[PDB]
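Scroll down for the structure; my scribbles are underneath it.
In what follows, chains are A, B, ... by sequence order, proteins preceding strands, each numbered from 1. We use all heavy atoms of the structure for the numbers below, so side chains are in, but hydrogens, waters and symmetry mates are not. We count ligands from 1, going down the list as the structure has it; atoms in each ligand are counted the same way.
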Number of protein chains: 4
Amino acid sequence: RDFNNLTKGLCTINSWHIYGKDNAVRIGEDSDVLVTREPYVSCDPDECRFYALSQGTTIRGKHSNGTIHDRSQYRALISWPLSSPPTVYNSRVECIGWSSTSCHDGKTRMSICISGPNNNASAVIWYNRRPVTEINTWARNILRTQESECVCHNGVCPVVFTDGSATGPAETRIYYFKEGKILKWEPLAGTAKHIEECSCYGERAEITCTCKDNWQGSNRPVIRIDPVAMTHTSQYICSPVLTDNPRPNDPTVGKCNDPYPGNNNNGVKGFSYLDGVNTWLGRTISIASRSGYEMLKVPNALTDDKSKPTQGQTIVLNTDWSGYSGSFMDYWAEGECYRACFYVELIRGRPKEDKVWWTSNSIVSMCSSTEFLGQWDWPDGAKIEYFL
Amino acid sequence: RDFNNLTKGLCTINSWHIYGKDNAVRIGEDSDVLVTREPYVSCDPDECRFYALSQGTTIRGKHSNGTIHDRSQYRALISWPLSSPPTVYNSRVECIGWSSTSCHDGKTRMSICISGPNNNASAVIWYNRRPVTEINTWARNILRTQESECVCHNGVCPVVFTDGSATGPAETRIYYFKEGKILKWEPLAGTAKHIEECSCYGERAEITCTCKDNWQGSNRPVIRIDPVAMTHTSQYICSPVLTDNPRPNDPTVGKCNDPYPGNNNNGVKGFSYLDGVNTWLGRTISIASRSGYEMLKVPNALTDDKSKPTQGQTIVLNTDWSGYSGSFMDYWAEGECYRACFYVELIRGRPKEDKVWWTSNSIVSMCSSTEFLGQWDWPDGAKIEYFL
Amino acid sequence: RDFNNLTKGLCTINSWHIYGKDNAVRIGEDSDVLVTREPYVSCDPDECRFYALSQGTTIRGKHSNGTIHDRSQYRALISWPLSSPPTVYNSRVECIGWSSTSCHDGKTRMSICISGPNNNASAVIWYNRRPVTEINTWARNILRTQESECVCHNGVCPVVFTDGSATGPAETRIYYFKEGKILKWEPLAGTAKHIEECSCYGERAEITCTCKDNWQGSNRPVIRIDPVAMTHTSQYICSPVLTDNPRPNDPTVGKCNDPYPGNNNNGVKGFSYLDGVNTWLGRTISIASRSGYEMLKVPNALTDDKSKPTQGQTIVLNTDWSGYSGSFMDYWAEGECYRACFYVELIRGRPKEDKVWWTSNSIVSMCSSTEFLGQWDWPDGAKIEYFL
Amino acid sequence: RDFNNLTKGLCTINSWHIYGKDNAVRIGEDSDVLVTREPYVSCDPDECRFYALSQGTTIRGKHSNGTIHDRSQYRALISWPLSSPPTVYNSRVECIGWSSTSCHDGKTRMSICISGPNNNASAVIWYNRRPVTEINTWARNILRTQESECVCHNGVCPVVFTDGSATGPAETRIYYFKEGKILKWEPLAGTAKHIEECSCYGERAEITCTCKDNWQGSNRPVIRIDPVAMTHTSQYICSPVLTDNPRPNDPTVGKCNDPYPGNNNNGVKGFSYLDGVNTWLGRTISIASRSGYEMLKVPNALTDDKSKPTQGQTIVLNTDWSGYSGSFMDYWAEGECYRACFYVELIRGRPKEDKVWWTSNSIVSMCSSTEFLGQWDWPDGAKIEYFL
Ligand SMILES: *[C@@H]1O[C@H](CO)[C@@H](O[C@@H]2O[C@H](CO)[C@@H](O[C@@H]3O[C@H](CO[C@H]4O[C@H](CO)[C@@H](O)[C@H](O)[C@@H]4O)[C@@H](O)[C@H](O[C@H]4O[C@H](CO)[C@@H](O)[C@H](O)[C@@H]4O[C@H]4O[C@H](CO)[C@@H](O)[C@H](O)[C@@H]4O[C@H]4O[C@H](CO)[C@@H](O)[C@H](O)[C@@H]4O)[C@@H]3O)[C@H](O)[C@H]2NC(C)=O)[C@H](O)[C@H]1NC(C)=O
Ligand SMILES: *[C@@H]1O[C@H](CO)[C@@H](O[C@@H]2O[C@H](CO)[C@@H](O[C@@H]3O[C@H](CO[C@H]4O[C@H](CO)[C@@H](O)[C@H](O)[C@@H]4O)[C@@H](O)[C@H](O[C@H]4O[C@H](CO)[C@@H](O)[C@H](O)[C@@H]4O[C@H]4O[C@H](CO)[C@@H](O)[C@H](O)[C@@H]4O[C@H]4O[C@H](CO)[C@@H](O)[C@H](O)[C@@H]4O)[C@@H]3O)[C@H](O)[C@H]2NC(C)=O)[C@H](O)[C@H]1NC(C)=O
Ligand SMILES: *[C@@H]1O[C@H](CO)[C@@H](O[C@@H]2O[C@H](CO)[C@@H](O[C@@H]3O[C@H](CO[C@H]4O[C@H](CO)[C@@H](O)[C@H](O)[C@@H]4O)[C@@H](O)[C@H](O[C@H]4O[C@H](CO)[C@@H](O)[C@H](O)[C@@H]4O[C@H]4O[C@H](CO)[C@@H](O)[C@H](O)[C@@H]4O[C@H]4O[C@H](CO)[C@@H](O)[C@H](O)[C@@H]4O)[C@@H]3O)[C@H](O)[C@H]2NC(C)=O)[C@H](O)[C@H]1NC(C)=O
Ligand SMILES: *[C@@H]1O[C@H](CO)[C@@H](O[C@@H]2O[C@H](CO)[C@@H](O[C@@H]3O[C@H](CO[C@H]4O[C@H](CO)[C@@H](O)[C@H](O)[C@@H]4O)[C@@H](O)[C@H](O[C@H]4O[C@H](CO)[C@@H](O)[C@H](O)[C@@H]4O[C@H]4O[C@H](CO)[C@@H](O)[C@H](O)[C@@H]4O[C@H]4O[C@H](CO)[C@@H](O)[C@H](O)[C@@H]4O)[C@@H]3O)[C@H](O)[C@H]2NC(C)=O)[C@H](O)[C@H]1NC(C)=O
Ligand SMILES: CC(=O)N[C@H]1[C@H]([C@H](O)[C@H](O)CO)O[C@@](O)(C(=O)O)C[C@@H]1O
Ligand SMILES: CC(=O)N[C@H]1[C@H]([C@H](O)[C@H](O)CO)O[C@@](O)(C(=O)O)C[C@@H]1O
Ligand SMILES: CC(=O)N[C@H]1[C@H]([C@H](O)[C@H](O)CO)O[C@@](O)(C(=O)O)C[C@@H]1O
Ligand SMILES: CC(=O)N[C@H]1[C@H]([C@H](O)[C@H](O)CO)O[C@@](O)(C(=O)O)C[C@@H]1O
Ligand SMILES: CC(=O)N[C@H]1[C@H]([C@H](O)[C@H](O)CO)O[C@@](O)(C(=O)O)C[C@@H]1O
Ligand SMILES: CC(=O)N[C@H]1[C@H]([C@H](O)[C@H](O)CO)O[C@@](O)(C(=O)O)C[C@@H]1O
Ligand SMILES: CC(=O)N[C@H]1[C@H]([C@H](O)[C@H](O)CO)O[C@@](O)(C(=O)O)C[C@@H]1O
Ligand SMILES: [Ca+2]
Ligand SMILES: [Ca+2]
Ligand SMILES: [Ca+2]
Ligand SMILES: [Ca+2]
Ligand SMILES: [Ca+2]
């Protein structure tokens, strides 16, 4: 109809209720489910759907051997109905590639997929299900993007890309698209020293992205964007409650403008909702691997370098595998506020469960409640032994 | 369009004709059919569909082992086209949980799913396919609901929940929702001593629910609701024709305001159509197990404590497995009256057929005819031996 | 929109072109295809679809054992997209039963399914996907109907039913339905001595049905209906070119008002287009079994007792299995005339191919061309050996 | 809405970006994917889809044995969502036959399928999903058509057919259809000596077809059509950069009006975009077999007999199997120009990979970019060993 505008503020998050779960690996043990990783959730004005990067093979299929690899000519961004598994028969390909983002602007959807060899990748920006714009690699070192939805405001949908090293400074750019066309792009500015896989959400005409500093930071970099002025800033979450993985143990004081040290060249896509006292951080329970998942209310995490938790909720037990996590919200829901939501990728297979030759995942996702709801833990649920 | 209003009375029930049957277990022996239980049927203004609680695995899948259990993080309310089986590819997830209800108000649908551990469950009420309201467990003992459709009148859709003991008094509440929002809730009132899994239908601005007294009653409790005044009453079906299971043999006089004794802490979801002489009771043929199924015309069953059958119809032979049963009607059908319908869950597998490690079911459903139609029996139809 | 009226005459049939073929048995050797028999084709104003009676099991499924039987509680009328196979995932159940008919009146569709034991069957007439009317068996001996589409004119859709003996006189009735409601019914009149499984088509406000005299006739009975006056007549195809099966060899003179003798208590559903010189007869090539299929132009077959062929077209070689055949036309096609179409059921399995324990079929269908097209033969195409 | 008119010129082709890829053979190793060959892509005003000729069997199905053969009664033109594989459950049959073409005129789609024995084939032209016209074989020797989309202008959609020898002069005709009806047909004129399987595209009210001279030419014949005057001409691509296969090595001077000699009675469907300096040629890398694939910018290829490459892009490595290739464009995309696109059939199985008894393929397709994008190679991706 008309372009959506971020006119609401976030609803108060007093807990998280269950939103969607596809049990993909369980069901896929005996049905035609595509192998995936790097999933997310994204809404249209009339429907919310699960997204991910297919590996172009079923889990039980012999071609599942080797799916631990991240980039191949057989991956594609696919979307499918909420809480269903990604099957060969119900999955809709948005675009071909090994890194992606997607978001609805209120009128139609924009999806971006990057493909190519490491030194010659290119992104093709689709809008209304047609290719419109293409962008060639600028640093010739794995052009890559969000792996979760972008956010739009009055037709302007900013997207964060990174090209260059994963273990040293790289070239991050913020592109501002409108109807699949480039209105403007900036180089990364601010104090964030390395940016990868940003998780974004918007409220009151401002887009907040919680990303990952793969190079040095165990605290997360944050990019805040003004989609009207088409400008941005960057810093790190000040809080001592560190949210990357692997990471060192929590200190008592964090860092606001530098990576918090202790772990180099590694990390996991994550997210956060930074809204003063209504601030919640997501993170794996384990400091060593993508194991477990919890949400922690850390008032003023973004700006208070001594902020510690005041409430929390376990999403996945530390005895269960987790993975990537990101933000999304239904901007077309009724009501006076935007209800914060997120998903957790539940990785199964390699490298942690190597008795199988594949790597895939399932999705669990929650949204906020103003009530103080009881908690449950939500594991993938599959028995690897069955696949043997 | 506009909210539906219960303006018609029930059609005269002179017999029951076949409405839908999915033959899920038969077909699922060699195709991707989800394991389910707790099914029901519910209509939208333009389509009627089968509903049930998936177990998050196919019947032939190895994860089917253990599906006798009622609550896990892998269940979800799914709906699928009428008389089709619940397949991985055609099933639509309404919400995640292990207990549910759902109904269309004329404009859009409201679905409710409860999930959680036993001592910390929570219900999330979805409307127009979006989460709108959440309710935390109030007795910390398996918050649970209908397991069949709710009914709406002018936007108001009452739902019956129970939290607390299954073998002693519990806390039953009647919530009145409008557009997924809580307008009001009452504690159970009346003479019913325990309420679980209510089967409801509406006619002439009144909603009648035939539930189950798991604690002591072999006769069924009945809750009648006025969705305008948003008030209700409760009592038991007076009739000596006892309809729970297991149950003692039929007496010659029943009980109107107390559970009819003889069987404690057990039962099965059931239903009835209470409409003076146009009254029909459904029940298993066996008094010991969920075996067989029949419909009995028992004039004035609700208010006559000596009422006995005047006509009847066998639905399932006593040599075939049955299970839960509930009411639904197509409130958007043409004509001057509402045609009473019901479904019977045909349970296969554990605990009765333990040569297999799973428990699932198929659905058979009928609606009333003003004709006096010949009868057939409708079994599940699957041979367990094939699954061995 | 508005009810369709049969205002056109038939197009000149100079040959038959290929219309649809699903290759169901071939494909079903390795995919989830439902076992069927008694198929047909029927159009809506915006789409034409394949129909048949499912057996409630896949072909490869173990429950396929025993599908040679005609009536069970596991059958249902299902429809699916043109030329696709009937799969568990794309098949839409119209109604539950073991004998059926269906037709679109221009506004919406009416489907009829009969179910029950032999001595207590009942038909339930659905309209706009809702049950509207029910008719109980009147002779208590396998109430049965067309097994192909009915035809409508100004909302009136006549249907032919038979109840009683298959090897002696029976009670055939012609029901005239409008919006699923019975406007009137007549007993069979005319000279036809036994009627079963009528194949109908309409043109210029008249409906012609070519049926089967199971009792004594090797020539086909024909019922012509006036859907305005709601009256009909009956006789046999006069032609010596006999079209039932099994049958005696062709004589030089046929019978207009009596069954042509030589074969008792047997036959196959068939059809014809009776339009003066533009008359075409369909029949198996074999006089002994449902083997092969051909179309023969027999000018004035209906009224000329010495009429013999003037042109012809082989549809299926005598070295391939055939089966039932019936008429349908797209009454919503563009142009000045109705293009005659028909389908042939290609039966595979029992009783002829008994190395397998099942019986199913595929569908091949053609429509007329005003050109004189070259011919091909269209077999099922499956190798039974693969199923062993 | 209104008939589409070719009012735009082609966009400048500076490179090719990835558009769609279905990975059909990989996925089909463990899922219900139909065996195909002769694929293409074609757009409607609201969606672009993959097309191909099914073999009427799954790849893993036993009936896949023998699919190396080109014509059988089990083939059909099927279409399915872009970048999905052709599965039994998501494939839509357009028409039955072993040679086809299809195109949307802006209002609705016209699809053509030819079926029959070699000496008696016939084409049936469908429009708006209904059969409208039929054309009988005129030379009684494998009536055949494009195997890629046709193009329309103001309701007029020209199609190129060939009937007669594959190794000597044949009878090629250009039919001009409007709403499935024949407006006019011409015999082939110009200097092309043999025409088969034309790949067409339209721009500025002119349709260009790059076909194949199976008899003698290693350079490609080109037919240019004026869909208003309904007239055409023909010649060969002048360029020494030969694009058929097998073929001799490239000379330094080509032929404009005669087949370039060196290879008789063989070839592969191919295409080109002839637009002055904005000219690009597609061809297999190997001169001996359907191996590899590349795009070469050959300015003025059509008219310059010494034209050689000025830029290029590898699509498939010479160490990977390729096959047919053809043109299509989204005539309903936004913007001021038509973006050239093409697909490459990636053949797997027989005759090159004979350890399996089947022959099928997957599809890879690209479209032009005005950017100079980095290149990747796009193989089928399946391991034949897995099918053993
Ligand atoms: C039914 O449902 C309800 C609703 O969910 C249940 O009630 C909930 O229960 C939760 C568990 O108790 C509770 O969550 C906790 O909240 C704490 C905050 O509240 C407390 O402190 C505040 C502030 O003073 C008080 O106001 C309040 O009254 C409480 O006393 C959090 O602090 C908890 O998180 C910390 O503990 C968990 C383990 O339990 C860690 O996994 C988590 O990471 C936190 O601790 C680590 O991090 C901090 C910060 O740096 C460190 O200080 C600390 O030592 C830990 O550090 C180590 O571990 C991390 C992680 O592995 C590692 O990285 C680091 O290096 C160190 O190794 C927790 O979130 C809910 O708030 C509460 N909800 C409500 C509404 O009440 C109820 O129990 C259920 N009922 C039943 C019957 O089961
Ligand atoms: C073709 O189709 C038609 C249409 O369906 C067929 O006709 C139908 O046939 C049905 C079977 O006969 C018939 O159903 C019965 O109706 C009885 C009522 O009618 C009779 O009584 C009235 C009232 O006086 C008369 O007016 C009327 O003329 C009849 O005489 C019911 O009473 C029957 O139900 C009871 O029996 C069945 C077993 O047959 C039990 O399963 C059922 O539970 C009922 O009996 C139990 O319950 C009562 C009440 O408390 C007890 O008194 C009794 O002893 C039984 O109790 C034991 O069993 C229960 C259940 O297991 C247990 O819990 C308890 O503790 C005890 O152990 C029955 O419903 C249809 O009405 C009739 N329909 C029509 C339209 O005519 C026709 O036959 C078919 N044709 C062919 C050729 O097959
Ligand atoms: C390319 O395509 C074209 C287009 O299809 C091909 O041309 C077609 O070829 C067809 C086969 O020749 C042909 O079909 C035949 O038409 C005959 C009628 O035409 C002839 O007679 C008329 C009338 O005098 C002449 O005007 C005309 O010029 C012809 O001479 C039919 O009579 C044929 O049917 C009979 O034969 C077939 C076997 O071939 C039987 O299966 C069929 O049942 C008919 O014969 C039985 O029935 C009659 C009637 O009672 C009996 O008299 C007769 O003895 C047979 O009876 C026995 O068999 C039956 C059936 O099993 C059994 O029940 C009975 O008891 C007995 O046992 C046939 O239909 C097309 O018309 C023709 N089309 C066109 C447009 O030309 C062309 O050849 C192809 N090209 C190539 C290169 O292949
Ligand atoms: C990241 O991405 C970018 C973007 O893609 C990469 O850059 C691209 O790199 C491509 C490969 O180098 C390049 O493609 C080539 O373009 C050549 C034309 O450019 C050159 O010449 C022009 C004209 O003078 C100059 O202006 C320009 O500066 C260049 O110098 C083509 O000529 C190339 O094609 C020929 O070679 C390939 C093998 O490499 C053959 O397969 C192809 O068929 C061509 O050669 C055959 O055909 C010709 C013509 O008849 C014969 O003369 C020749 O001998 C060959 O003939 C034999 O082989 C054929 C085929 O098998 C057979 O039939 C015949 O009988 C003989 O046996 C080639 O197309 C892109 O243009 C370039 N793109 C851009 C934008 O720069 C970049 O490298 C990537 N980065 C990294 C780090 O990898
Ligand atoms: C799913 C799981 O087993 N997680 C466990 C992980 C992994 O075993 C290792 O991190 C793999 O290296 O290790 C822990 O010690 C941890 O990190 O807290 C315990 C946790 O329960
Ligand atoms: C929420 C829940 O667990 N419901 C379960 C109920 C309760 O156990 C009883 O109502 C006792 O409260 O009964 C079942 O076990 C049963 O009888 O088949 C199935 C059902 O899933
Ligand atoms: C499907 C079935 O076999 N049902 C039978 C059941 C079960 O065997 C037991 O109730 C299981 O405990 O038992 C009966 O004695 C009964 O209750 O009337 C007979 C009935 O035919
Ligand atoms: C209702 C019914 O059973 N119809 C069956 C009829 C009747 O048996 C005959 O018409 C005798 O009346 O014929 C079949 O057996 C047959 O010949 O293939 C199939 C069909 O299903
Ligand atoms: C498919 C097939 O094999 N059909 C053959 C049939 C059957 O073998 C028997 O009729 C079965 O009884 O028999 C014929 O003699 C015939 O009737 O004309 C030859 C025909 O080719
Ligand atoms: C109608 C038809 O059979 N077309 C076939 C053509 C013809 O054989 C050649 O064009 C010679 O005319 O070529 C193929 O065999 C091929 O080369 O892969 C495939 C295709 O199906
Ligand atoms: C996929 C593949 O293996 N292609 C190879 C082909 C085939 O082996 C033969 O052409 C089959 O005859 O042969 C080459 O010599 C060539 O033609 O350039 C090398 C190329 O790498
Ligand atoms: Ca399978
Ligand atoms: Ca890091
Ligand atoms: Ca009880
Ligand atoms: Ca007969
Ligand atoms: Ca050639």
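B/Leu242 and B/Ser218 get closest at one heavy-atom pair: CB-O, 3.7 Å. Taking each heavy atom of B/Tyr324 and B/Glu197 in turn, the nearest pair found is OH-OE2, 2.7 Å. A pairwise comparison of heavy atoms in B/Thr359 and B/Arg350 identifies OG1-O, 2.6 Å as the closest pair.
Using a distance-only test at 3.5 Å, with no hydrogens or angles considered, no donor-acceptor pair links the side chain of C/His17 to the main chain of D/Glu134.
Taking only nitrogen or oxygen atoms, main chain and side chain alike, B/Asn214 does not reach within less than 3.5 Å of ligand 6. Inclusion of B/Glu196 in the set of residues having an N or O under 3.5 Å from an N or O of ligand 6 is warranted. The N/O atoms of B/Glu38, backbone and side chain alike, include one that comes under 3.5 Å of an N/O atom in ligand 6. At a 3.5 angstrom cut-off on N or O pairs, B/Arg71 counts as close to ligand 6.
The aromatic ring centres of C/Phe342 and C/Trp16 sit less than 6.0 Å apart.
Remark: the B/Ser325 side chain and the B/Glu345 side chain contain no N/O donor-acceptor pair separated by less than 3.5 Å.
Distances shorter than 4.0 angstrom do not occur between any heavy atom of B/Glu147 and any atom of ligand 6.
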For this session: Apply salt bridge (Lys or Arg N to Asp or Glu O under 4.0 Å) to B/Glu38 and B/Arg75, showing your working.
Result: CA-CA 11 Å; B/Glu38 295 87 34; B/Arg75 304 204 77 171; 2.9 Å; yes
Problem set entry | Residues B/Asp250, B/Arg283; criterion salt bridge (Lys or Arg N to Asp or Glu O under 4.0 Å); working and verdict | CA-CA 12 Å; B/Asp250 281 342; B/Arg283 76 180 182 171; 2.9 Å; yes
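Atom 15 (O) of ligand 6 has B/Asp70 OD2, 2.9 Å as its closest protein atom, hydrogens excluded (heavy atom only). Ranking protein heavy atoms by distance to atom 16 (C) of ligand 6, first place goes to B/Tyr324 OH, 3.1 Å.
A heavy-atom distance below 4.5 Å is found between the side chains of B/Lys212 and B/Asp244. Taking 4.5 Å as the limit, some side-chain heavy atom of C/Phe372 sits within range of a side-chain heavy atom of C/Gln311. Between C/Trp378 and D/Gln73, the closest side-chain pair of non-hydrogen atoms falls below 4.5 Å.
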Contact table, ligand 3 N/O with protein N/O, distance under 3.5 Å:
{"residue": "ligand 3", "atom": "2 (O)", "partner": "C/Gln375", "partner atom": "N", "Å": "3.3"}
{"residue": "ligand 3", "atom": "2 (O)", "partner": "D/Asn120", "partner atom": "OD1", "Å": "3.4"}
{"residue": "ligand 3", "atom": "2 (O)", "partner": "D/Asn120", "partner atom": "ND2", "Å": "2.4"}
{"residue": "ligand 3", "atom": "41 (O)", "partner": "C/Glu294", "partner atom": "OE1", "Å": "2.8"}
{"residue": "ligand 3", "atom": "43 (O)", "partner": "C/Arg283", "partner atom": "NH2", "Å": "3.0"}
{"residue": "ligand 3", "atom": "43 (O)", "partner": "C/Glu294", "partner atom": "OE1", "Å": "3.3"}
{"residue": "ligand 3", "atom": "43 (O)", "partner": "C/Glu294", "partner atom": "OE2", "Å": "2.7"}
{"residue": "ligand 3", "atom": "47 (O)", "partner": "C/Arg283", "partner atom": "NH2", "Å": "3.1"}
{"residue": "ligand 3", "atom": "50 (O)", "partner": "C/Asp250", "partner atom": "OD2", "Å": "2.6"}
{"residue": "ligand 3", "atom": "50 (O)", "partner": "C/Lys308", "partner atom": "NZ", "Å": "2.8"}
{"residue": "ligand 3", "atom": "61 (O)", "partner": "C/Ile285", "partner atom": "O", "Å": "2.8"}
{"residue": "ligand 3", "atom": "63 (O)", "partner": "C/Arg247", "partner atom": "NH2", "Å": "3.1"}
{"residue": "ligand 3", "atom": "65 (O)", "partner": "C/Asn249", "partner atom": "OD1", "Å": "2.7"}
{"residue": "ligand 3", "atom": "65 (O)", "partner": "C/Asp250", "partner atom": "N", "Å": "2.9"}
{"residue": "ligand 3", "atom": "67 (O)", "partner": "C/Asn249", "partner atom": "OD1", "Å": "3.2"}
{"residue": "ligand 3", "atom": "71 (O)", "partner": "C/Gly312", "partner atom": "N", "Å": "2.9"}
{"residue": "ligand 3", "atom": "71 (O)", "partner": "C/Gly312", "partner atom": "O", "Å": "3.4"}
{"residue": "ligand 3", "atom": "80 (N)", "partner": "D/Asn120", "partner atom": "ND2", "Å": "2.9"}

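Contacts between B/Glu197 and ligand 6 below 4.0 angstrom, taking non-hydrogen atoms only, involve the side chain exclusively. At a heavy-atom distance under 4.0 Å, only side-chain atoms of B/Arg290, from C-beta outward, approach ligand 6.
Annotation for ligand 6: atoms under 4.0 Å from non-hydrogen atoms of B/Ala166 are 11 (C), 12 (O). Within the listing of ligand 6, atoms 12 (O) sit less than 4.0 angstrom from a heavy atom of B/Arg144. Under a 4.0 Å criterion applied to the non-hydrogen atoms of B/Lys212, ligand 6 contributes the atoms 9 (C), 10 (O).
When distances from atom 7 (C) of ligand 6 to the protein are checked, no heavy atom turns up under 4.0 Å.
If you check the gamma sulfurs of B/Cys211 and B/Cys198, they are less than 2.5 Å from each other.
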